[PDB]
Each structure stands twice: as structure tokens, then as C-alpha cells.
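What the coordinates show
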Amino acid sequence: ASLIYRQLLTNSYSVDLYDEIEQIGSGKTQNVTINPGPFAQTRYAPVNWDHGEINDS
Amino acid sequence: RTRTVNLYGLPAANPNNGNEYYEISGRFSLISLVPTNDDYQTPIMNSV
């Protein structure tokens, strides 16, 4: 059971290796592509307000 | 038998001109909305 202390001290180099893991995995580019769901969006339209038809003569 | 001759237009006196109707043909495009819950859309599902 004392072997755990020896293993930790011996394998401590994996700490620096893990530091490299994380601090270059952050450097590497990742992009979680959140979707649009199966249900699709849509806006009304380009709508502009104006005065209606005028009865000229 | 009057002053006004050679005027461009179309008076309302007899527009039908003995015709039952004036006709026009063409294509007619529409993009209106509609409710379609018959889909119940979550089938595009990934078979696995």
C-alpha cells in the first residue's frame, strides 16, 4: 500500500505532460456547432408603413 | 358633330363594345402561410 506514494512521485512527470495537454488543447481550434432545431424560424417580411390608396380625380 | 375630336382615351359611354367580357390570362404566384401540424416534425431522425 506504500506503493502509491512511490507511484505518485515517480509518475509526477505526467503532471507536466497534462499541463501541456490542456494548455495546447485550448490553443487548438474547437467549435461546438449549436444547431437550429428541427423546427425552422422565419420572420414576417420587410414591412413598411404608408398611407393607403387615395381617391384622386 | 362636336368640338372634341382626336382625343386619346376611353370614355365610359360604351366600354363593352359589344363584348361579353374582356379577358386576361397569366401566372399567379403566392407564398402564403398555412398551419400544418400533421407533420409533427421531429422525423428527420438519425437512424443508428
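Residues numbered from 1 in each chain as written, not as in the entry; some residues may be left out. Chains lettered and ligands numbered in written order. Part of a larger assembly, values for the part shown. Heavy atoms only, no water.

Going by the header, the method for this PDB entry is cryo-EM, and the resolution given is 3.5 Å.

Across its full length, chain B holds zero helices and zero strands. C-alpha atoms of chain B, sized along the principal axes, occupy 90 × 20 × 15 Å. Summing over all exposed atoms, chain B offers an accessible surface of approximately 6,100 Å²; the carbon and sulfur share of this is 53%. (Helix = DSSP H or I, 4+ residues; strand = E, 2+ residues; numbered from the N terminus. Areas by Shrake-Rupley, 256 points an atom, 1.4 Å probe, with all protein chains shown as cover.)

Before going further, it helps to spend a moment on the overall build of chain A. For chain A, the helix and strand inventory stands at two helices and zero strands. The C-alpha atoms of chain A give 32 Å as radius of gyration, which overshoots the globular expectation for 57 residues (10 Å, by more than 25%). With respect to the principal axes defined by its C-alpha atoms, chain A has extents near 105 × 25 × 15 Å. Here chain A displays about 6,400 Å² of accessible surface, and carbon together with sulfur accounts for 58% of that area. (Rg over C-alpha atoms; globule rule 2.2 N^0.38 Å.)

Let us look at unusual backbone geometry. Of note in the backbone geometry, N6(B) takes a positive phi value of approximately 55° without being a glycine. For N6(B), a relative accessible area of 74% corresponds to the exposed category. (Buried < 20%, exposed > 50% of the residue type's maximum accessible area, 1.4 Å probe, protein only.)

Taken together, the side chains of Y13(A), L17(A), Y18(A) and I21(A) make up a nonpolar region of the molecular surface, amounting to roughly 490 Å² of accessible area. Its location among the elements puts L17(A) in helix α2 (residues 13-25). (Patch = residues over 30% accessible without salt bridge, like charges linked within 9 Å, V, L, I, M, F, W, Y side chains within 5 Å. Salt bridge = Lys/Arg side-chain N within 4 Å of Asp/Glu carboxyl O.)

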